[PDB]
Every structure is written in C-alpha cells, then in structure tokens.
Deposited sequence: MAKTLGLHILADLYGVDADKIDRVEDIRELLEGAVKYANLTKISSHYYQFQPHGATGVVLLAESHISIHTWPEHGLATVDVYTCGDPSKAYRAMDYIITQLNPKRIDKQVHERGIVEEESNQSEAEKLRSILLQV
C-alpha cells in the first residue's frame, strides 16, 4: 500500500506581525516556498483582509495555503503535495524559516491509501 499524498499542517505562533500583515508578504513567502521546493504551480490566489491579514492558496500540479492574523502573531499553514513527500517537507521548512515562529504545533497526514497489489 502507498499513499497518494502527504499533507503537513502547522499553526505558527510568535510570528512578527510585519511578516504576515499584507498580501505582498504572503505572495513573496509562498512564491518562495514553491521555488525552493521545486514545486510546479497551476495558479495562485490571494486575498487582503482588513485591517490586515491575508489568505493565500496555491493549486499545485494538491495545494499550499496560509491564513494569517497579525494581531495574534499567528499563521496557519497547509502544504499538501502528491507523490514527492520531500517537496512538501521542503516547502514547509522554507515557510517556517521565513516566518521564524517562536512556537509551533504541527501534524502530518498521509492522504489517500491505495493498494499496490490488486486481486487477480
């Protein structure tokens, strides 16, 4: 049995408000993750919330997402890729180092388990 994808989600705390308050920040961040992880993008969409904070989602060829709350020094991140687990890990390592959080809560899930042998 093999997993079709690896999904890493993390809640990052103690993140400087200036690193996650505008779309520009999230965009640079996720563009940087994608390239560092050598992932291929289908498209990317961002949204600026008032008075600050933003959402960013990247559809991969699964997805990478980030929602932020400057007032709480918090960013919730998702890195879900299919096939190459090392890319999911690299993307998350990049995002975390760039945001440099003080505390983290992380979890990993193998999404979709399928047989390698079929019944003949």
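In this chain, the deposited residues that lack C-alpha positions fall in the ranges 1, 63, 123 to 135.
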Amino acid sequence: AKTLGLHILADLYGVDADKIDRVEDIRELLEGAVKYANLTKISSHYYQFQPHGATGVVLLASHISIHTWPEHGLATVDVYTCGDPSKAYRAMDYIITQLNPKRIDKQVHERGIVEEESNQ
From here on, numbers count along this sequence of modelled residues.
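Averaged over their C-alpha atoms, the temperature factors of 77 to 85 and 64 to 72 are higher for 77 to 85. Of the two segments examined, 20 to 28 and 7 to 15, it is 20 to 28 that shows the higher average Cα temperature factor in the deposited entry. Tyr94: CA B factor in the lowest third of modelled residues in this chain (values from the PDB entry).
When the CA B factors of the chain's modelled residues are split into thirds, the value for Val58 lands in the lowest one.
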